[PDB]
């Protein structure tokens, strides 16, 4: 069966509603559902379900000509009405999609014929096509599977147009997908993929070591990083490590003492030897980040000045701001208040715990007391939603989210970035500029606005960038080279060719 593979995922794939979020897993939604236009590594989108498109002079009305040969896996036609119904279904839940600005921009969607689909926008929203390309929410389920003509209250069968079809799913156990034999595009070489549900990282490693699974593909939490390095030298195995796809960083709460002070935030940015942290916790498998977005990210090659590890400069910044060492204590004080910052993370995540310990030790060296608050996932997500944190671990979202969608989301009060930026005096101006860059036509103004947004965020030391992380792969050699999806949450099973 060299055309059947078995892999693993920490949880089951979810209901596979194309228009909702947790517990729906994005890789799975992208296996079954498809976009109008498809995102490529070079930054462009290509025709997909939409073979072509045009837009009005003012850039608010877009007309897409759809392929006419596409069926949903249940035999029903994909056409403009089915696509229009889908857009209606998503936008009936509009407030759930506020993180994504396209959802606030779409004013009308209508099927002009079986093959003409017209979409009207509030303003000339430039990242229109890119946002249509995302795994969710703008992808298409057969309208017969709506519940009372909606999807926001659940779907019936997860029927998409894509190259994979969900065969069966056992809560807590394993999800099976099968090749769509009536797929409009190219047939995948693989016929069956089984995801075993294996929540724990070392347990995933052991399963691969026993031969229970054939493939592991994911970000830096996929399996323990020490095990990954040993696997990469093991000639019985195949491993890969991609070029970096996103930033991992700390977000500092600019509205809470003592991270409300610019001097404290700048000092913490000089306190951490990031190469040491990576070589200590991450087994040298990731790259040092000095900036919220890597210089390879669109619009973000700005010559921003790194804050190199420099504990002497960190101490001086603290001293100049009145944070001094009492005799004979290691932790600074100002106005009888200790320099204490809470770092909250998921307490069962061993890699978070390690990095957090390194951060705490590096900051103690400059006289800052970091207390580690490890809590369950729900509590942590509530904290970020609510701004109940001093520092948190946080990541950017990779291409094509970075930078436009990630910045867009900083305006949304329930996103951790808004909460972290809440105390900045120029936060109103930053959000106005974010709104402007997304609507702007003038390419020179677009670049100025990105420059200003990113430069203010860097200079205000809202973040502590740590590393640019990569996708990792571990596989049985028989599977061959495993390609990457140009979107970070997607796994390109359709292109595996043993």
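Numbering follows the first chain given and starts at 1.
- Here 454-462 and 52-60 are compared by their mean Cα B-factor, and 52-60 comes out higher.
- Averaged over their C-alpha atoms, the temperature factors of 225-233 and 126-134 are higher for 126-134.
- Of the candidates 279, 175, 362, 310, the one whose C-alpha carries the top B factor in the deposited record is 175.
- Which of 163, 298, 400, 199 has the largest Cα B-factor in the deposited entry comes down to 199.
- Among all modelled residues in its chain, residue 475 ranks in the lowest third by Cα B-factor.
- Sorting the modelled residues of the chain by their CA temperature factor places residue 467 in the lowest third.
- When the CA B factors of the chain's modelled residues are split into thirds, the value for residue 183 lands in the highest one.
- Residue 99: CA B factor lies in the highest third for its chain, per the PDB record.
- When the CA B factors of the chain's modelled residues are split into thirds, the value for residue 32 lands in the lowest one.
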